[PDB]
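In structure tokens, one chain follows: the form deposited in one PDB entry.
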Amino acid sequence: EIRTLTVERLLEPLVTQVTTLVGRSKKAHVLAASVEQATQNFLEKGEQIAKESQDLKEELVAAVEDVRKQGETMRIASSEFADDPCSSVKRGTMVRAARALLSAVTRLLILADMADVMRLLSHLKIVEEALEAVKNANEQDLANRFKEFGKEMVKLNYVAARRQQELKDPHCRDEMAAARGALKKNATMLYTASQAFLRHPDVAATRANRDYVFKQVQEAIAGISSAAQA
């Protein structure tokens, strides 16, 4: 369940268009060095990004290892070619190694983007988990747990605002503002309900309303998500 193939296919025309070809050479060896340097620089960012990423770590690391391997093959081919730029065979072995390298790069970007989107959607879970703390909290905790929520919510308000402006369909714009508006009110109703349970721990309905209101919080988080991934 990864399916990077379909995106990889769409970009393949671009990779192939740019890898089209429109004694020992010294000026060819510096170009070769440049590529090796560019390879190492790209490898350095990909390792950093695969490390910090909270999603697809093992997949992303594999993607960088693939890029490295293709880099070495490209390195070796470009070194052989620079030794004698007259040969078409070593020219072609380099060009093919290059096309393979950039395709491994392209696949890495595709994975990296898939993790960008999972990092983005995590905000929904972070806020939902923040309202679990509000629900499961003395009066001192409630005030505190509601401080954490509002902070996470503001960081969620940024994403959801950018997503609601990006919506083209007017009917979908309303859905986003509705679900995001629904989470806002029920979050406060959660605070009121959690408060009403501290003061009356033995009233079954206080617990029943708190559990209910939290379900209402679920429905908006999911509604915000469904309006985003559509």
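We number the residues from 1 along the sequence you see.
Per the record, residue 137 and residue 138 are separated by 1 to 3 deposited residues that have no coordinates. Across the two stretches, 9-17 and 208-216, the PDB entry reports the greater mean Cα temperature factor for 208-216. The PDB entry records a higher mean C-alpha B factor for 197-205 than for its counterpart among 42-50 and 197-205. Per the deposited coordinates, the residue with the largest Cα temperature factor out of 107, 75, 99, 147 is 147.
The maximum CA B-factor among the listed residues 154, 112, 121, 127, taken from the PDB record, is found at 154. The entry lists a Cα temperature factor for residue 29 that places it in the middle third of the chain's modelled residues. Among all modelled residues in this chain, the alpha-carbon of residue 61 has a temperature factor (C-alpha) in the middle third. Among all modelled residues in this chain, the alpha-carbon of residue 192 has a temperature factor (C-alpha) in the middle third. Among all modelled residues in its chain, residue 131 ranks in the middle third by Cα B-factor. The entry lists a Cα temperature factor for residue 186 that places it in the middle third of the chain's modelled residues.
There is another form of the same protein, the form deposited in another entry; it is not shown, and what comes next is about it.
One change in the other entry concerns residue 129 and residue 51, whose Cα atoms lie at least 3 Å farther apart than in this form.
Compared with the form shown here, the C-alpha atoms of residue 109 and residue 225 sit at least 3 Å closer together in the other entry.
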